[PDB]
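Starting off, we have a lone chain in the form deposited in one PDB entry, written out as structure tokens.
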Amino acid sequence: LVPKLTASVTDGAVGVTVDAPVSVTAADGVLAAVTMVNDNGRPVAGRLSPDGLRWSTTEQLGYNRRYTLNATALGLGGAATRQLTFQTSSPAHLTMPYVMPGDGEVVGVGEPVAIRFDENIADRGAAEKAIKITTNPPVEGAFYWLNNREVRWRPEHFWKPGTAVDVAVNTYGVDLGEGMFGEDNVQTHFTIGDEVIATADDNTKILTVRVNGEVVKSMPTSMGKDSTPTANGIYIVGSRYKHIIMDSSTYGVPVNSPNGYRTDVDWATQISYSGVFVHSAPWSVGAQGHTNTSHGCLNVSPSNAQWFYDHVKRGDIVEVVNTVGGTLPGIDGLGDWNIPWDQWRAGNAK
């Protein structure tokens, strides 16, 4: 019985993807020698199994490299040697993924998994296939693309507090379309904290904060005036600022135009990419609880805005109801829950 060799690559292959290790296996014998070098002669790190049967690379293989693999097997039957050479994928472009929320964070019940690429993704299905989301307790979720670069994953309903979420973006070696390959892999983990839902009801002009179902704060508010109203819908809480300059040019609106503005405010909590915040508004305290005066943001008192800053976290929820506005776009960036579940579940990988 002459020993046989079985490699995970074929001699002469090209376009070999680097998303998996390269292996050599011996049958009816054992591996006496296995080496693999790149085109600069640099040895590739590997490991031989204690039983001598299975050898495998132990470091990532490179893009745009030619590798030469030599292997010898020995056995009572005799010996066998093979030499194999192959070339790995040569990307036309690289894209790097960025994942939110941050590793180890505790977030609110409305926080989606977010995978943002720094380039347009031509094969959204390949990107989705490369992303593994683990949930404990397990829950059904689905992917939906907000734009050509960023995909989101969430359940049908708000997360259950206490849920562990693990995200593995294994895009290295993956053809994401049109010669674009993943620049690296990413791996993050987060946990769902307490349920915090704040409701701004235009009929009362009160922003009511509920923690685990209990009213803990009631904030008089002034929202957008009729000509620049606050959109109804579900908003996800994002970033927090002790102070920030609100500049309309950020959104293509010249500061000196009718709806333009440039002002510094305190205690600002972001709730939409379109620039809606909860923030301190000393100048509208008389209107708070009575009339809408803003350009769309939720004006509250300095003390209530700081309380909001101190007690609300990324992924908590603000829901606005009964304004004269429309509904916040589902693809805003923090408007994901406004997409109906059936549409989100069906996705848009194309």
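Start at 1 with the first residue shown and count on from there. Only residues modelled in both forms are compared. Between two forms, the rigid core is defined as the largest C-alpha subset superposing within 1.5 Å.
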Between the two ranges 53-61 and 310-318, the one averaging a larger CA B factor in the entry: 53-61
task: Between 300-308 and 66-74, name whichever shows the higher mean Cα B factor according to the PDB entry.
output: 66-74
- prompt: With respect to the C-alpha temperature factors reported in the PDB entry, which of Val109, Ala79, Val276, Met246 ranks highest?
  reply: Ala79
query: Looking at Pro155, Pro97, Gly179, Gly224, which has the highest CA B-factor as recorded?
result: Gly179
field: Ranked against its chain, the third holding the CA B-factor of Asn338
entry: lowest
Entry-reported Cα temperature factor of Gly330, expressed as the chain third it lands in: lowest
query: According to the PDB entry, is the CA B factor of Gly102 in the bottom, middle or top third of its chain, that is, lowest, middle or highest?
result: middle
- request: Name the third of the chain's ranked CA B-factors that contains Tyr172, choosing lowest, middle or highest.
  value: middle
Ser89 by Cα B-factor - lowest, middle or highest third of the modelled chain: middle
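As for the form deposited in another entry, it is not shown, yet the points below apply to it.
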- prompt: Which residue, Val186, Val253, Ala122, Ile131, is displaced 2 Å or more at the Cα between this form and the one not shown after superposing the core?
  reply: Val253
message: After superposing on the rigid core, which segments of 3 or more consecutive residues have every C-alpha shifted by 2 Å or more between this form and the one not shown?
response: 248-261
